[PDB]
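In the authors' numbering, the protein residues as written are 1 to 325.
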């Protein structure tokens, strides 16, 4: 693949997407979840006492460029999962771009959800204002300062399991074969460390199910999580029923459903009818949208797998366009 290009693997029915990253010297390949919702780069290590036997573990002794660090780290994600350990320093190769002396976080303990997951850790693509340890420069920070990318951007394509899955991140550029039409520029509010945008309105058919609301572009979240009232409004438009756990039960037959259309900065972006159904279990389908007790929306994979996004950390801003398919 081209320079800075990292092919992604689609896990399950668009649950999450991970890519290979080489760490250390000579180095081992790790499968990391690329998460724009966090800013820590942590991986399972041989110091971990409750990690999965299926995960590839970083071994300090096997890297000639390992450098000890006396600091510890601890992180707790929204979905309740967590991990903790010690910091370290080593080289990280991202799609051919060798970041030297990147601060990496070695897990000594991780939640069962991680031990049973398909990845060996996470690569945080959020802003450095939310790194769990103050003073830690993120991979994007270092790609920029070390001159590995000429433009402070990364293009993101997330495929659909129904179309063969896959996906691809391009650091320092983007691929126009992945989207149709012109890209629309959208300003980003990074005041909270996330890629926050404003959605002007949401419609289903001729019905305006929601007015302007704020949300964050989170590749680390599977569903489109909307604030209580907005989620209920959308649910009524599709006749979905509340499961009482933040998710909805929706008809498995999406042939009759109209797409959920978001109006952003004057352009229309949608969640296709097929994307309205996340998973089917024993004849029952769970909706691609859910609800949380937040005042803002978490715009996850359900939306991203339908729209190509170019993240620009420098401005900051994003450029969006409907995916080609």
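Cβ coordinates follow ideal geometry from the N, Cα and C atoms, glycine included.
**Asked** Ends of the beta strand (DSSP E) at residue 201?
**Response** For this step, residue 201 is matched to residue 201 along the chain shown. Per DSSP, residue 201 belongs to the beta strand (DSSP E) from 201–204.
**Message:** Just to check my reading of the structure: residue 126 and residue 39 have Cβ atoms closer than 8 Å, yes? What is that Cβ distance to the nearest angstrom?
**Reply:** Along the chain shown, one-based indexing puts residue 126 at 126. Along the chain shown, one-based indexing puts residue 39 at 39. At roughly 4 Å, the Cβ-Cβ gap stays under 8 Å, so residue 126 and residue 39 are in contact.
**Prompt:** Three or more beta-carbon pairs under 8 Å between the stretch 198–211 and the stretch 23–30, yes or no?
**Reply:** no
**Item:** Beta-carbon separation (whole angstroms), residue 197 vs residue 215, contact threshold 8 Å
**Value:** Position 197 of the chain shown, counting from 1, holds the residue named residue 197. Position 215 of the chain shown, counting from 1, holds the residue named residue 215. With a Cβ gap of about 6 Å, residue 197 and residue 215 count as contacting.
**Message:** According to DSSP, is residue 264 part of a helix, a strand, or is it coil?
**Reply:** By one-based count along the chain shown, residue 264 stands at place 264. Three-state DSSP puts residue 264 in a strand.
**Asked** So, helix, strand or coil for residue 342, using DSSP?
**Response** This structure cannot speak to residue 342, because the chain is shown only from 1 to 325.
**Prompt:** Is it true that the stretch 220–229 meets the stretch 276–290, where meeting means three or more beta-carbon pairs spaced less than 8 Å apart?
**Reply:** yes
**Message:** Runs of 3 residues minimum, wholly inside the stretch 91–118: which ones carry the beta strand (DSSP E) assignment?
**Reply:** Those beta strand (DSSP E) runs which fall completely within the stretch 91–118 and span 3+ residues are 97–110.
**Request:** For the alpha helix (DSSP H) containing residue 229, list its first residue and its last residue.
**Result:** In the chain shown, residue 229 corresponds to position 229, counting from 1. Run containing residue 229: 228–238, per the alpha helix (DSSP H) assignment.
**Message:** Within 10 Å of its beta-carbon, does residue 92 have 16 or more other beta-carbons around it, so buried, or fewer, so exposed?
**Reply:** Residue numbering aside, residue 92 sits at position 92 when the chain shown is read from its first letter. Residue 92 comes out buried.
**Asked** Taking C-beta to C-beta, are residue 154 and residue 130 nearer than 8 Å?
**Response** Taking the chain shown and counting its residues from 1, one reaches residue 154 at position 154. Taking the chain shown and counting its residues from 1, one reaches residue 130 at position 130. No, the Cβ-Cβ distance between residue 154 and residue 130 is not below 8 Å.
**Prompt:** Secondary structure at residue 305, three-state DSSP: helix, strand or coil?
**Reply:** In the chain shown, residue 305 corresponds to position 305, counting from 1. Of the three classes helix, strand and coil, the one that applies to residue 305 here is coil, per DSSP.
**Exposure of residue 7, with buried meaning 16 or more beta-carbon neighbours within 10 Å** = As a position in the chain shown, residue 7 is number 7, starting the count at 1. Label assigned to residue 7: exposed.
**Message:** Check whether the stretch 312–324 and the stretch 239–257 touch, using three or more Cβ-Cβ pairs below 8 Å as the test.
**Reply:** No: fewer than three Cβ pairs fall under 8 Å.
**Request:** Use the C-beta contact count for residue 162: other C-beta atoms within 10 angstroms, 16 or more gives buried, fewer gives exposed.
**Result:** By 1-based counting over the chain shown, the position of residue 162 is 162. It is exposed - the Cβ of residue 162 has fewer than 16 other Cβ atoms within 10 Å.
**Message:** Let me make sure I understand the geometry here. Which of 52, 149, 250, 166 has the alpha-carbon closest to that of residue 156?
**Reply:** Sequence index remark: in the chain shown, residue 156 carries index 156 (1-based). Selected option, being the one with the closest Cα: 166.
**Rounded separation between residue 259 and residue 17 - CA only** = Walking along the chain shown from the start, residue 259 turns up at place 259. Walking along the chain shown from the start, residue 17 turns up at place 17. Residue 259 and residue 17: Cα-Cα distance of roughly 23 Å.
**Request:** Can you give me the Cβ contacts of residue 379 inside the same chain, cut-off strictly under 7 Å, excluding the 5 residues immediately before and after it?
**Result:** What is shown of the chain runs 1 to 325, which leaves residue 379 out entirely.
**Request:** May I ask you to list the residues that DSSP assigns as paired with residue 3?
**Result:** Indexing the chain shown from 1 puts residue 3 at position 3. Paired residue(s): none; residue 3 is not in a bridge.
**Reduced DSSP category for residue 53 - H, G, I as helix; E, B as strand; rest coil** = Locating residue 53 in the chain shown gives position 53, counting from the first residue. Coil at residue 53, not helix or strand.
**residue 116 versus residue 11 - alpha carbon distance** = In the chain shown, residue 116 corresponds to position 116, counting from 1. In the chain shown, residue 11 corresponds to position 11, counting from 1. Whole-angstrom Cα-Cα distance: 13 Å.
**Message:** Run through the DSSP bridge pairs and tell me what residue 163 is partnered with.
**Reply:** As a working mapping, residue 163 is identified with position 163 in the chain shown. According to DSSP, residue 163 bridges with nothing at all.
**Message:** At the level of alpha carbons, what is the spacing between residue 279 and residue 252?
**Reply:** Position 279 of the chain shown, counting from 1, holds the residue named residue 279. Position 252 of the chain shown, counting from 1, holds the residue named residue 252. Cα-Cα distance, rounded: 9 Å.
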